[PDB]
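Engineer: sequence and experimental coordinates follow.
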Amino acid sequence: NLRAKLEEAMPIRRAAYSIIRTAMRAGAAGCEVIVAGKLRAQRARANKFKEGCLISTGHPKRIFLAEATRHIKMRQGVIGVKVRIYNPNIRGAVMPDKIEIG
Amino acid sequence: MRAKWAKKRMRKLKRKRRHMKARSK
Amino acid sequence: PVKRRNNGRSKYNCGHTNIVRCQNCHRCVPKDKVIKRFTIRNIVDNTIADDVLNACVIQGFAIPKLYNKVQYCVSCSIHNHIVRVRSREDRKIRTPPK
Amino acid sequence: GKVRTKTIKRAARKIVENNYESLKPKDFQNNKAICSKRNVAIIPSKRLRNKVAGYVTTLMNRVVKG
RNA sequence: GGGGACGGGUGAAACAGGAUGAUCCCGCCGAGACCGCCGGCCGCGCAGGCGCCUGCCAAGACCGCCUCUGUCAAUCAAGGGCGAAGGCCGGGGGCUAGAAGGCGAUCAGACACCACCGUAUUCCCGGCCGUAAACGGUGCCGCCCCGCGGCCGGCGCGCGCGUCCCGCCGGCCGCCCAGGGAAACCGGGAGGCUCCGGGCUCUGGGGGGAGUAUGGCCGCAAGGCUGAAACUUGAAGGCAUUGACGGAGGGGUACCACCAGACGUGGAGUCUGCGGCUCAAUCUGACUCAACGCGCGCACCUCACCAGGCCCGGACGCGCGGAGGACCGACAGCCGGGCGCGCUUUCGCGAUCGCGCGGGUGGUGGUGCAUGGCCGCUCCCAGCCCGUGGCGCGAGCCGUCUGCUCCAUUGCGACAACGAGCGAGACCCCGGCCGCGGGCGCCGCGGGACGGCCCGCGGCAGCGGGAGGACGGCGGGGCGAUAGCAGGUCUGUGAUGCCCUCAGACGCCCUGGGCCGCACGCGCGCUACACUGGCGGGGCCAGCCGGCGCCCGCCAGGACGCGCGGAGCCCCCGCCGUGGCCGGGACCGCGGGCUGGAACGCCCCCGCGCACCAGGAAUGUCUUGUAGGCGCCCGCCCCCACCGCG
């Protein structure tokens, strides 16, 4: 979805928050969008957009955090979009740190 | 000390100029 | 900005102070701005004091102390760690610490 | 040696705030049994549950003197 | 006078000094400066300034007062005097430092800093000069203005009474509530001011040009004081706040640091990579950590490079051509390593198409400094944020703390902060131990260990010790924040922008060669230098996880089979006996084999027995099943490990 809106010439931060909101609506604790490439300039900069908490370390990253890289070939060269969604709660395993406490 | 060094440079130009006016009186 | 009210010197009700020289640098420094730490030490090191004290054939003579006022220029003082560059908060402290 | 982390620490107080009589001053197994009562205190992993209990045992020991 | 070899100097030095005896020590002596330590949030002076001892002279502020006068006052162009240092003039003086000068070391060059010698000067008297960051960067006189201090000089009060105490006046000051200010800050003002008016003088009006030009005045001069314009320009500047740096101060921490030890390397031979060298080509990246057994085995392929030689496998689309004939094939001989490649020849062949134009597809081609992706590194670290409040006019800070604890931003404690998050940890993997269920094969799920307990020392987090227990205080790994960086890779890819080479090709194949060439210098290794060892036989033994039989062969291996099996070190006994020796196996002369299409690759066997007798300046890695020692397996592979991963 991000790859389509980027080839549709949408301002990148507008689209990135649109993808973030489509995972924010879905109940993900956070979503991290990284767009890297020659974004309008010869120099390459990576525009990281993030909303809500995401986790990056240990085994719960393999389970709770999903990731997706697409090599969208923009005209100037090739950009790379990486969408990552963090779903804290799934039907099976639960966070090995989160202590509920009654 | 660029201000003190500018004044000295100004002075060594004004003394030269004062000498040149004295040649023609 | 003005770093210190004192201006780095203790001059009060005066326009001129007697010049002194850094013991290390030899820079002329007005008496008010000099670091001025007085030291009273012992003529020989403590490590040699025991052996010298045993050596003396006199009945009760202690190793006689050496008194010198070391006066240092600002640069000589910061390089030789006599005084330290402090934060704007601790710069005000005046009591001798440690 | 082993320094308790904020999860292993805040939860221990929350357990001694809610429960007083159930845990005892030098009773790791009892402190591990109270902290293991399913929904009343839920700590995934015995390693975290054991560590919580040890800090509860230390906190319970502290409160009994004063 | 003494006594004896160097002394100075420095960051290290070097030029000077010293048997003409220096330095050093003492006894003296001359000269000229200088007034130490006491010496200050001391004091005095109009400022500049002021510090030996005595004597003298004139003054000065402060204070006290029921003394005198009676506004005699405040500030001030013009005008007068004073005015650090340096300088100048006419004399004196000449010790010390020391602008200039010269010099030794530097460094590319320093002529500079640093060392040495040194003239003016420094110092005195008589004049000049008239400048200083001449500062509190704050004119002067006057008023009210909030506490808490210190010092200073008078004066008075209390008290038995001491350099006590409380005040008063005057000076020097610190901290500061309001108040102010763009803040810094100031509050004995920079307060009482947009709510703007006590009095007097001075000065400024964006940055430069320029304190220049010119005229004047002044000076012996140097120069002072006064003082433009033409012209140029979008900022210059103030004070704060985040960062980024520092050749700054602290704290902290880590065997990629050290300590205490270990086992090393650097010294030899070789193995492999790197530079250079040499070439037809020696294809290339990578050059501190964070290039260099690195881009997981180069006879061929790989292979990108060289010497040659085929081949369209140029798609689609249009204009023309061609079917009795588009296009390519071919025997034999020549030529050519060889190929119907070409050539002689004369046969085939069947629109899969030719040609012109466009327009492709492919390229281990370039550019990683156009890029995606992925790794390295900072990071074998511990930071990174947010919501609400507090403080700021704000940028913002606080939280996230100069204390303690930790392995850790790991927690405690203090505290305008209070709670959360991410990273840390937890988690995941394997291991030791107990149980359960199963069992072609030990392999599935559950417990267990938590600084729990005990003794100290601690508010504390914890800091040592003691057991009990497979297991003890982060077991041996995976994962890895926020940011990054012109790290590395276009040569891993149907990842890619751009130049796209595009047919006598940089495509794609085949052969031959190189990538392994070697006056040399280096990195990772291996094998050594032996008697804690080599050499013979005798036991025995693993784990990652694991095939063998039989016959022929000294072997290496080969033939023919079947369904299956395992190290060295070490130990035990002989032997050699300090000899470069049976230590060491480098080089080289036969051979016998292997794997392949083909050795140049490897193995084996009989010679041949090099250096090296423990490694210089240096440099590495390491804390218990550890270092080291010893083998084994796999990775890649036709063959082959001195490598890597186990």
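Structural biologist: Yep, it's here. Numbering: from 1, shown residues only, chains lettered A, B, ... in the order given.

Engineer: name the nearest residue to residue D:19, sequence neighbours excluded.
Structural biologist: Using Cβ to Cβ, 6 or more residues apart in numbering or on different chains and skipping residues adjacent in sequence, the residue nearest residue D:19 is residue D:34, 6.0 Å away. In this view, the C-beta of every residue, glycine as well, is placed from N, C-alpha and C.

Engineer: for the one you found, what are its contacts?
Structural biologist: Applying Cβ atoms under 8 Å, 6 or more residues apart in numbering or on different chains to residue D:34 gives the contacts D:15, D:19, D:22-23, D:41, D:56.

Engineer: among the residues you listed, which are in helices?
Structural biologist: Among these, the ones falling in helices (DSSP state H) are D:15, D:56.

Engineer: where's the residue in chain C that RNA strand E sits nearest to, which helix or strand?
Structural biologist: Relative to RNA strand E, the nearest point of chain C is residue C:15 (2.4 Å; Cβ to the nearest atom of the strand). Counting by DSSP states H and E, no helix or strand carries residue C:15.

Engineer: what number of residues lie near it?
Structural biologist: 5 (other Cβ atoms under 10 Å in any protein chain shown).

Engineer: tell me the contacts of residue A:96?
Structural biologist: A:58-60, D:44-45, D:48.

Engineer: from residue D:33, how far out is residue C:30?
Structural biologist: According to Cβ to Cβ, to the nearest Å, residue C:30 stands 78 Å off from residue D:33.

Engineer: I meant to write residue D:65 there.
Structural biologist: In terms of Cβ to Cβ, residue D:65 sits 23 Å off from residue D:33.

Engineer: sorry, back to before: take the contacts of residue A:96 and keep only those in strands.
Structural biologist: Counted as lying in strands by DSSP state E, out of these, is not a single one.

Engineer: tell me the centre residue of chain C?
Structural biologist: The residue lying closest to the centre of chain C (Cα atoms, centre = their mean) is residue C:37, at 1.9 Å.

Engineer: ok, that one touching residue C:70?
Structural biologist: Yes: using Cβ atoms under 8 Å, residue C:37 is in contact with residue C:70, at 5.6 Å.

Engineer: need the overlap of contacts for the two.
Structural biologist: By Cβ under 8 Å, 6+ apart, residue C:37 and residue C:70 have these common neighbours: residue C:82.

Engineer: those strands in chain C, which residues are they?
Structural biologist: Going by DSSP E, chain C shows strands at C:19-21, C:28-30, C:37-42, C:65-70.

Engineer: would you format the ones you listed as JSON lines with distance to chain D included?
Structural biologist: Below are the strands of chain C laid out as JSON lines (distance: least, Cβ to the nearest Cβ, whole Å):
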{"stretch": "strand C:19-21", "distance to chain D": "54"}
{"stretch": "strand C:28-30", "distance to chain D": "51"}
{"stretch": "strand C:37-42", "distance to chain D": "43"}
{"stretch": "strand C:65-70", "distance to chain D": "46"}
